[PDB]
Protein chains: 4
Amino acid sequence: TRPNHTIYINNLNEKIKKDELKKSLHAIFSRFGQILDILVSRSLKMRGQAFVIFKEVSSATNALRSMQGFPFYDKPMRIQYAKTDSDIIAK
Amino acid sequence: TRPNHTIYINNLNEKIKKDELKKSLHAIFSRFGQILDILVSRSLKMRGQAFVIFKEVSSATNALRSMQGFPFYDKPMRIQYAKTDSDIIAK
Amino acid sequence: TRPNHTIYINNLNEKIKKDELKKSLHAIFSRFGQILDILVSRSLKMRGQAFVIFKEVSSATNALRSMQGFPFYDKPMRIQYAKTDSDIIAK
Amino acid sequence: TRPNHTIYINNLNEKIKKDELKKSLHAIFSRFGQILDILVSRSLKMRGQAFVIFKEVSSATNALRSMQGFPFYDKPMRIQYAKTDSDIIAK
RNA sequence: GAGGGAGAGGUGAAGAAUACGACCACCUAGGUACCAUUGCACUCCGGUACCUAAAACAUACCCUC
RNA sequence: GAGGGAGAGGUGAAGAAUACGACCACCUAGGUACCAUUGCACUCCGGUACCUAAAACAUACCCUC
RNA sequence: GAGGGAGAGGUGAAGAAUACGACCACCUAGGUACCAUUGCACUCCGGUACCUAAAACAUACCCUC
RNA sequence: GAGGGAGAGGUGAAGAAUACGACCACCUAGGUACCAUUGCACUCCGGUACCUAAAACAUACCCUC
Ligand SMILES: CN(C)[C@@H]1C(O)=C(C(N)=O)C(=O)[C@@]2(O)C(O)=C3C(=O)c4c(O)ccc(Cl)c4[C@@](C)(O)[C@H]3C[C@@H]12
Ligand SMILES: CN(C)[C@@H]1C(O)=C(C(N)=O)C(=O)[C@@]2(O)C(O)=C3C(=O)c4c(O)ccc(Cl)c4[C@@](C)(O)[C@H]3C[C@@H]12
Ligand SMILES: CN(C)[C@@H]1C(O)=C(C(N)=O)C(=O)[C@@]2(O)C(O)=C3C(=O)c4c(O)ccc(Cl)c4[C@@](C)(O)[C@H]3C[C@@H]12
Ligand SMILES: CN(C)[C@@H]1C(O)=C(C(N)=O)C(=O)[C@@]2(O)C(O)=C3C(=O)c4c(O)ccc(Cl)c4[C@@](C)(O)[C@H]3C[C@@H]12
Ligand SMILES: [Mg+2]
Ligand SMILES: [Mg+2]
Ligand SMILES: [Mg+2]
Ligand SMILES: [Mg+2]
Ligand SMILES: [Mg+2]
Ligand SMILES: [Mg+2]
Ligand SMILES: [Mg+2]
Ligand SMILES: [Mg+2]
Ligand SMILES: [Mg+2]
Ligand SMILES: [Mg+2]
Ligand SMILES: [Mg+2]
Ligand SMILES: [Mg+2]
Ligand SMILES: [Mg+2]
Ligand SMILES: [Mg+2]
Ligand SMILES: [Mg+2]
Ligand SMILES: [Mg+2]
Ligand SMILES: [Mg+2]
Ligand SMILES: [Mg+2]
Ligand SMILES: [Mg+2]
Ligand SMILES: [Mg+2]
Ligand SMILES: [Mg+2]
Ligand SMILES: [Mg+2]
Ligand SMILES: [Mg+2]
Ligand SMILES: [Mg+2]
Ligand SMILES: [Mg+2]
Ligand SMILES: [Mg+2]
Ligand SMILES: [Mg+2]
Ligand SMILES: [Mg+2]
Ligand SMILES: [Mg+2]
Ligand SMILES: [Mg+2]
Ligand SMILES: [Mg+2]
Ligand SMILES: [Mg+2]
Ligand SMILES: [Mg+2]
Ligand SMILES: [Mg+2]
Ligand SMILES: [Mg+2]
Ligand SMILES: [Mg+2]
Ligand SMILES: [Mg+2]
Ligand SMILES: [Mg+2]
Ligand SMILES: [Mg+2]
Ligand SMILES: [Mg+2]
Ligand SMILES: [Mg+2]
Ligand SMILES: [Mg+2]
Ligand SMILES: [Mg+2]
Ligand SMILES: [Mg+2]
Ligand SMILES: [Mg+2]
């Protein structure tokens, strides 16, 4: 994919409760720049995944490159740019 | 919060015994500067949490920024400045 | 061993499914340069092990040195140069 | 303690078999310099502990400082200088 | 008589031909399994169930003669 | 007659008033729990036990009338 | 009469000498164990089993007198 | 007679018409589950329970004829 304000994370530990996952993702990622939102759902299709929306695409890029494969509750994070803009970025 | 000599850590693994937790927190954090004390309680309200008191606010700041989200017994540490001075700092 | 386009990893967590292992190994290693392939088998003789084939021996060398002992699904990765060229490198 | 060619590690995961522990400790530590030996015993008194003997005290010092608190099979390593020279260093 | 065995987390009560372990009452520290808890403190203190807390001798107690 | 229900991992055999799922035989991929394995490859392939592999109709099969 | 005890996730129905908890019907949030899921979203929503959702009084209900 | 089957961690004892596996005694390495242990070493060595330690033939042993 191509750089995007939003990174898509998967291979996340699915036992982690939604709000803990968000707070923890925030703690991994805030070092890279300002975060607008972190979206998590534990539904069947969306579990093990998160979207982290940065204010700036440069934050997204550094995040993705630095945290690629990083240990997070016992599994390595796999990180991609989101395939499309998040609503709050497009709008 | 605002910088403080003391950092507040949570999202800690609650199976870890108090003295092990302290010794381990000391090993994460001593690289950042001198530590006056580490307070841990496994009570219901205080489990999963620690206070690490640095001699210098600059140590606290580097600690917090470097170790934010860091893997510690299988969970990411979440770090904040303490909301108030610890007794040994105020007094 | 002597430098090789291919690194041999072992001490891998054997519960991890083959395609997850590959995707995760790719996420640990792609930072070091271009990867031609990652070979994994869960057979008795080959479980807990992977071969990661880099385009360039310099990528292999940096990978091996940086990721040596690195946490990966709860175990430290142990990394060596492959003892021989992978087919796609020799051919 | 005072710098020593040998570092003493504890808080090690005690489920890990002796030879795996050695190979893994070797993989954490060889980046710091040449290692003469790694001693591990799983006896009651000596389990959860290792001695890593470096050729040079400077290797020991960098190791200790860099790897202090580092994640190793799910627990943070706690590192000290050995209190005395190992036999192979004294002799 | 012999010879073996087992009992002390702490305080008490009982008993005292007994410094001494069971029974009974009360109180503590530490842990384990499960459940609940994401929580900002600077005497301690969630729940349910289980476990552990130096030890020889002697009395009493158990086995063999 | 009505009305309900359940059966297809793949190939075969049986049966065919039947494209069609059970029984029987054979073969595959993927997984789970436990045990074993630290192992250098570039067709696949450790063990023990369990599970899963699109699905409507029709025949046959099960229930009510 | 006395004295004890237990019941409210939410809506309803029943009942109302009763604001009030069981039974019955319906609906929600959160979790746990196991199984399945590697998945690109920007109302929610996999399965199987289990659990939890402030609480005093009163009626009714249970025990002792 | 035929044909099938199963037994060797190591040392010993028994037995020897037998190099040879069961029974019995003793000793080792490695592991697993649970419990305990945070511990500074440079012969080994916590507990409780379970498991594993190359293997063909022959004797003996088990099944069919
Ligand atoms: C109170 N009396 C009946 C007993 C008694 O008189 C004794 C005696 N020596 O005569 C006791 O020692 C006893 O009072 C006494 O203290 C006993 C005692 O200490 C004890 C302990 O500690 C552990 C196990 C046991 Cl079986 C006993 C036990 C049963 O011996 C009791 C016994 C009584
Ligand atoms: C061989 N014969 C006794 C049966 C038969 O003649 C049939 C028939 N239609 O007459 C079949 O279909 C059958 O040959 C036939 O194929 C059967 C069949 O397919 C089936 C399946 O697939 C699943 C469940 C069931 Cl209970 C059956 C079952 C029992 O109907 C069998 C029946 C036989
Ligand atoms: C409908 N009738 C038989 C009962 C009745 O007439 C009552 C009464 N006060 O007379 C009720 O309160 C009742 O209608 C009524 O509502 C009952 C009730 O609320 C209740 C609750 O909440 C919890 C436990 C229990 Cl045991 C009861 C229970 C049994 O008392 C019922 C009783 C009935
Ligand atoms: C001592 N005597 C009764 C037996 C004997 O005389 C033998 C014989 N060949 O006559 C043995 O081989 C025996 O002494 C002997 O050594 C036996 C033996 O080795 C053995 C093993 O290794 C495994 C399984 C089994 Cl069932 C046996 C077993 C039962 O055959 C014994 C048998 C005895
Ligand atoms: Mg790291
Ligand atoms: Mg006792
Ligand atoms: Mg004792
Ligand atoms: Mg006592
Ligand atoms: Mg005393
Ligand atoms: Mg007294
Ligand atoms: Mg007594
Ligand atoms: Mg008295
Ligand atoms: Mg306690
Ligand atoms: Mg929990
Ligand atoms: Mg408790
Ligand atoms: Mg005694
Ligand atoms: Mg089926
Ligand atoms: Mg199907
Ligand atoms: Mg079939
Ligand atoms: Mg077909
Ligand atoms: Mg056919
Ligand atoms: Mg048929
Ligand atoms: Mg036919
Ligand atoms: Mg398969
Ligand atoms: Mg294993
Ligand atoms: Mg298998
Ligand atoms: Mg159907
Ligand atoms: Mg209730
Ligand atoms: Mg309630
Ligand atoms: Mg209700
Ligand atoms: Mg209301
Ligand atoms: Mg109503
Ligand atoms: Mg009522
Ligand atoms: Mg009415
Ligand atoms: Mg819910
Ligand atoms: Mg899974
Ligand atoms: Mg569910
Ligand atoms: Mg009440
Ligand atoms: Mg055997
Ligand atoms: Mg054998
Ligand atoms: Mg033997
Ligand atoms: Mg021999
Ligand atoms: Mg002999
Ligand atoms: Mg014999
Ligand atoms: Mg003889
Ligand atoms: Mg052993
Ligand atoms: Mg433990
Ligand atoms: Mg043992
Ligand atoms: Mg044989």
Side-chain angles (χ1 to χ4, degrees), chain A residues 1 6 8 10-12 14 17 19-20 23 37 39-41 43-44 46-51 53 78 80 82-88 90, chain B residues 1 6 8 10-12 14 17 19-20 23 37 39-41 43-44 46-51 53 78 80 82-88 90, chain C residues 1 6 8 10-12 14 17 19-20 23 37 39-41 43-44 46-51 53 78 80 82-88 90, chain D residues 1 6 8 10-12 14 17 19-20 23 37 39-41 43-44 46-51 53 78 80 82-88 90:
Chain A
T1 345
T6 296
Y8 165 87
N10 79 330
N11 202 38
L12 292 178
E14 303 177 14
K17 293 189 199 181
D19 286 324
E20 291 321 313
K23 286 144 155 208
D37 210 357
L39 280 14
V40 170
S41 162
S43 80
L44 176 73
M46 294 314 118
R47 61 185 57 175
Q49 305 157 256
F51 295 87
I53 309 163
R78 311 203 294 247
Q80 293 172 55
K83 283 193 306 208
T84 292
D85 285 358
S86 306
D87 288 0
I88 63 172
Chain B
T1 345
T6 296
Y8 165 87
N10 79 330
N11 202 38
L12 292 178
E14 303 177 14
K17 293 189 199 181
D19 286 324
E20 291 321 313
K23 286 144 155 208
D37 210 357
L39 280 14
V40 170
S41 162
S43 80
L44 176 73
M46 294 314 118
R47 61 185 57 175
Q49 305 157 256
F51 295 87
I53 309 163
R78 311 203 294 247
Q80 293 172 55
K83 283 193 306 208
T84 292
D85 285 358
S86 306
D87 288 0
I88 63 172
Chain C
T1 345
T6 296
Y8 165 87
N10 79 330
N11 202 38
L12 292 178
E14 303 177 14
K17 293 189 199 181
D19 286 324
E20 291 321 313
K23 286 144 155 208
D37 210 357
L39 280 14
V40 170
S41 162
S43 80
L44 176 73
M46 294 314 118
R47 61 185 57 175
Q49 305 157 256
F51 295 87
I53 309 163
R78 311 203 294 247
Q80 293 172 55
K83 283 193 306 208
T84 292
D85 285 358
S86 306
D87 288 0
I88 63 172
Chain D
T1 345
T6 296
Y8 165 87
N10 79 330
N11 202 38
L12 292 178
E14 303 177 14
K17 293 189 199 181
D19 286 324
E20 291 321 313
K23 286 144 155 208
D37 210 357
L39 280 14
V40 170
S41 162
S43 80
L44 176 73
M46 294 314 118
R47 61 185 57 175
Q49 305 157 256
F51 295 87
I53 309 163
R78 311 203 294 247
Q80 293 172 55
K83 283 193 306 208
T84 292
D85 285 358
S86 306
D87 288 0
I88 63 172

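Lettering follows sequence order; numbering is per chain, from 1.
Between A:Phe51 and C:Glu20, the one whose closest nucleotide on RNA chain G sits nearer the 5' end is C:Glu20. Comparing A:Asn11 and A:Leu39 by the nucleotide of RNA chain G whose heavy atom lies nearest to each, the residue mapping closer to the 5' end is A:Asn11.
Partners of B:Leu39 according to the side chain to side chain contact (heavy atoms under 4.5 Å, CB included) rule, which considers only residues two or more places apart in sequence or in another chain, are B:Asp37, B:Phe51, B:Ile53. Residues that satisfy the side chain to side chain contact (heavy atoms under 4.5 Å, CB included) test with B:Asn11, not counting sequence neighbours, are A:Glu20, A:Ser24, A:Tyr73, B:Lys75, B:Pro76, B:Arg78.
In this structure, H:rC40 makes no Watson-Crick or G-U wobble pair, since no nucleotide meets both defining distances under 3.5 angstrom. For F:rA6, there is no paired base (Watson-Crick or G-U wobble, both distances below 3.5 Å).
Distances shown here put every side-chain N or O of C:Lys83 at or beyond 4.0 Å from the OP1 or OP2 atom of F:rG39. For D:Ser43, no side-chain nitrogen or oxygen approaches OP1 or OP2 of H:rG39 to under 4.0 Å. Regarding contacts with the backbone of G:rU37, a side-chain N or O of C:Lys17 is found under 4.0 angstrom from either OP1 or OP2.
Pairing between F:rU48 and F:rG12: absent (Watson-Crick or G-U wobble, both distances under 3.5 Å). The base of E:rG10 does not engage E:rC50 as a Watson-Crick or G-U wobble partner with both distances under 3.5 Å.
Put simply, the side chain of B:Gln49 and the base of E:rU38 share no donor and acceptor less than 3.5 Å apart.
By the 5.5 angstrom centroid cut-off and the 30-degree plane limit, D:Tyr8 is classified as not stacked against the base of H:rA41.
Here the closest non-hydrogen pair linking A:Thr6 and A:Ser86 is OG1-OG, 2.7 Å. Taking each heavy atom of D:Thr1 and D:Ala82 in turn, the nearest pair found is CG2-O, 4.0 Å.
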